[PDB]
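Novice: Here you go, this is target.cif (mmCIF, C-alpha atoms and all ligand atoms).
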data_start
loop_
_atom_site.group_PDB
_atom_site.id
_atom_site.type_symbol
_atom_site.label_atom_id
_atom_site.label_comp_id
_atom_site.auth_asym_id
_atom_site.auth_seq_id
_atom_site.Cartn_x
_atom_site.Cartn_y
_atom_site.Cartn_z
ATOM 1 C CA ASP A 2 0.000 0.000 0.000
ATOM 2 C CA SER A 3 0.908 3.662 -0.504
ATOM 3 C CA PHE A 4 2.133 6.048 2.155
ATOM 4 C CA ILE A 5 -1.263 7.803 1.783
ATOM 5 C CA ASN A 6 -3.033 4.580 2.700
ATOM 6 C CA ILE A 7 -0.646 3.660 5.527
ATOM 7 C CA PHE A 8 -1.030 7.106 7.169
ATOM 8 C CA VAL A 9 -4.799 6.709 7.180
ATOM 9 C CA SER A 10 -4.480 3.159 8.493
ATOM 10 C CA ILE A 11 -2.220 4.156 11.388
ATOM 11 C CA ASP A 12 -4.249 7.266 12.275
ATOM 12 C CA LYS A 13 -7.253 5.243 13.315
ATOM 13 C CA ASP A 14 -9.077 8.082 15.098
ATOM 14 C CA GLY A 15 -8.816 10.443 12.116
ATOM 15 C CA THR A 16 -7.148 13.284 14.034
ATOM 16 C CA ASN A 17 -4.408 13.631 11.387
ATOM 17 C CA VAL A 18 -1.884 13.271 14.155
ATOM 18 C CA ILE A 19 -0.267 9.844 14.484
ATOM 19 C CA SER A 20 0.350 9.207 18.147
ATOM 20 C CA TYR A 21 3.245 7.033 19.204
ATOM 21 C CA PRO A 22 0.813 4.336 20.539
ATOM 22 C CA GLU A 23 -1.002 4.355 17.149
ATOM 23 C CA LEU A 24 2.289 3.812 15.336
ATOM 24 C CA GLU A 25 3.360 1.140 17.805
ATOM 25 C CA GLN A 26 0.038 -0.713 17.472
ATOM 26 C CA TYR A 27 0.316 -0.693 13.692
ATOM 27 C CA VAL A 28 3.856 -2.047 13.819
ATOM 28 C CA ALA A 29 2.986 -4.862 16.159
ATOM 29 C CA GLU A 30 -0.318 -5.765 14.476
ATOM 30 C CA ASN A 31 1.414 -6.069 11.108
ATOM 31 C CA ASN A 32 4.393 -8.031 12.439
ATOM 32 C CA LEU A 33 6.819 -5.328 11.477
ATOM 33 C CA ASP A 34 10.256 -4.710 12.812
ATOM 34 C CA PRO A 35 10.055 -2.625 16.012
ATOM 35 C CA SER A 36 12.944 -0.493 14.671
ATOM 36 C CA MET A 37 10.217 0.886 12.370
ATOM 37 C CA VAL A 38 8.996 2.982 15.283
ATOM 38 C CA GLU A 39 12.324 4.810 15.578
ATOM 39 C CA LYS A 40 12.526 5.249 11.792
ATOM 40 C CA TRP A 41 9.089 6.951 11.632
ATOM 41 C CA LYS A 42 9.985 9.187 14.558
ATOM 42 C CA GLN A 43 13.243 10.177 12.881
ATOM 43 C CA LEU A 44 11.787 10.797 9.435
ATOM 44 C CA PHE A 45 8.423 12.359 10.469
ATOM 45 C CA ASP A 46 9.023 13.830 13.929
ATOM 46 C CA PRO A 47 12.578 15.114 13.489
ATOM 47 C CA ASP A 48 12.110 17.909 16.049
ATOM 48 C CA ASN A 49 10.882 15.374 18.626
ATOM 49 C CA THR A 50 7.510 17.002 19.249
ATOM 50 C CA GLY A 51 6.089 13.719 20.523
ATOM 51 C CA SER A 52 3.736 12.882 17.633
ATOM 52 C CA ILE A 53 3.608 12.824 13.852
ATOM 53 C CA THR A 54 1.381 15.361 12.110
ATOM 54 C CA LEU A 55 -0.135 14.969 8.687
ATOM 55 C CA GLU A 56 1.682 18.247 7.775
ATOM 56 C CA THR A 57 5.183 16.951 8.584
ATOM 57 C CA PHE A 58 4.486 13.534 7.085
ATOM 58 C CA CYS A 59 3.422 15.226 3.841
ATOM 59 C CA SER A 60 6.297 17.713 3.749
ATOM 60 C CA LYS A 61 8.850 14.899 4.094
ATOM 61 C CA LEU A 62 7.250 12.728 1.424
ATOM 62 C CA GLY A 63 6.237 15.436 -1.075
ATOM 63 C CA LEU A 64 2.479 14.897 -0.533
ATOM 64 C CA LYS A 65 -0.290 17.406 0.176
ATOM 65 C CA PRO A 66 -2.703 17.057 3.135
ATOM 66 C CA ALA A 67 -5.555 17.145 0.575
ATOM 67 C CA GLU A 68 -4.373 13.705 -0.736
ATOM 68 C CA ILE A 69 -4.790 11.993 2.619
ATOM 69 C CA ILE A 70 -8.136 13.703 3.129
ATOM 70 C CA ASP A 71 -9.414 12.479 -0.268
ATOM 71 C CA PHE A 72 -8.305 8.978 0.522
ATOM 72 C CA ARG A 73 -9.905 9.177 3.953
ATOM 73 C CA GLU A 74 -13.225 10.295 2.497
ATOM 74 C CA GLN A 75 -13.054 7.562 -0.206
ATOM 75 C CA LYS A 76 -12.076 4.830 2.241
ATOM 76 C CA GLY A 77 -14.936 5.764 4.500
ATOM 77 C CA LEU A 78 -17.353 5.757 1.614
ATOM 78 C CA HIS A 79 -16.056 2.514 0.185
ATOM 79 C CA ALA A 80 -16.152 0.844 3.573
ATOM 80 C CA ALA A 81 -19.781 1.744 3.992
HETATM 81 CA CA CA B 101 -4.475 9.873 15.611
#
Would it be possible to restate this file's structure as structure tokens?
Specialist:
Amino acid sequence: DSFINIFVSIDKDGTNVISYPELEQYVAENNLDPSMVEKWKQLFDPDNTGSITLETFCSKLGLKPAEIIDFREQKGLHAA
């Protein structure tokens, strides 16, 4: 899946802030390497703010927030 998709999957409450527990739950539930947590923090929370915003995620990856929002609206609709 795309980074757009994975962001929406991790951010299960839709706040457009990935909390560290959200990230950690995704890693464990998908049997990923726990080092993944540190990599996301380093790439997407470089200033160590304590969470990962949609804004910083998008700036690092060259995405716009509008792309995650579209996907979120489509996922919701599709799911229904
Ligand atoms: Ca969240």
Novice: Ligand CA 101 (chain B): which residues are within 12 Å, counting all atoms listed in the file, as a ChimeraX atom specification?
Specialist: /A:8-27,52-55
Novice: Neighbours of residue 62 (chain A) within 10 Å (all atoms listed in the file; same-chain residues fewer than 6 positions away dropped), as a PyMOL selection string?
Specialist: chain A and resi 4-5+44-45
Novice: Can those selected residues be exported to a file as an mmCIF file, in the coordinates of the input so that it contains C-alpha atoms?
Specialist:
data_model
loop_
_atom_site.group_PDB
_atom_site.id
_atom_site.type_symbol
_atom_site.label_atom_id
_atom_site.label_comp_id
_atom_site.auth_asym_id
_atom_site.auth_seq_id
_atom_site.Cartn_x
_atom_site.Cartn_y
_atom_site.Cartn_z
ATOM 1 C CA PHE A 4 2.133 6.048 2.155
ATOM 2 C CA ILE A 5 -1.263 7.803 1.783
ATOM 3 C CA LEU A 44 11.787 10.797 9.435
ATOM 4 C CA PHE A 45 8.423 12.359 10.469
#
Novice: Taking into account all atoms listed in the file, which residue in the set A:39, A:56, A:34, A:46 is nearest to residue 70 (chain A)?
Specialist: A:56
Novice: How big is the axis-aligned box around the listed atoms of region 15-24 of chain A once 4 Å is added on each side, and where is its centre? Give both in Å to one decimal, as JSON.
Specialist:
{"center_x": -2.8, "center_y": 8.7, "center_z": 16.0, "size_x": 20.1, "size_y": 17.8, "size_z": 17.2}
Novice: CA of residue 30 (chain A) to CA of residue 47 (chain A): how many Å, to one decimal?
Specialist: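 According to the coordinates, CA of residue 30 (chain A) and CA of residue 47 (chain A) are separated by 24.6 Å.
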Novice: What is the distance, in Å and to one decimal place, between CA of residue 79 (chain A) and CA of residue 28 (chain A)?
Specialist: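 These two atoms are separated by 24.6 Å.
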Novice: To one decimal place, how far is CA of residue 51 (chain A) from CA of residue 75 (chain A) in Å?
Specialist: 28.9 Å
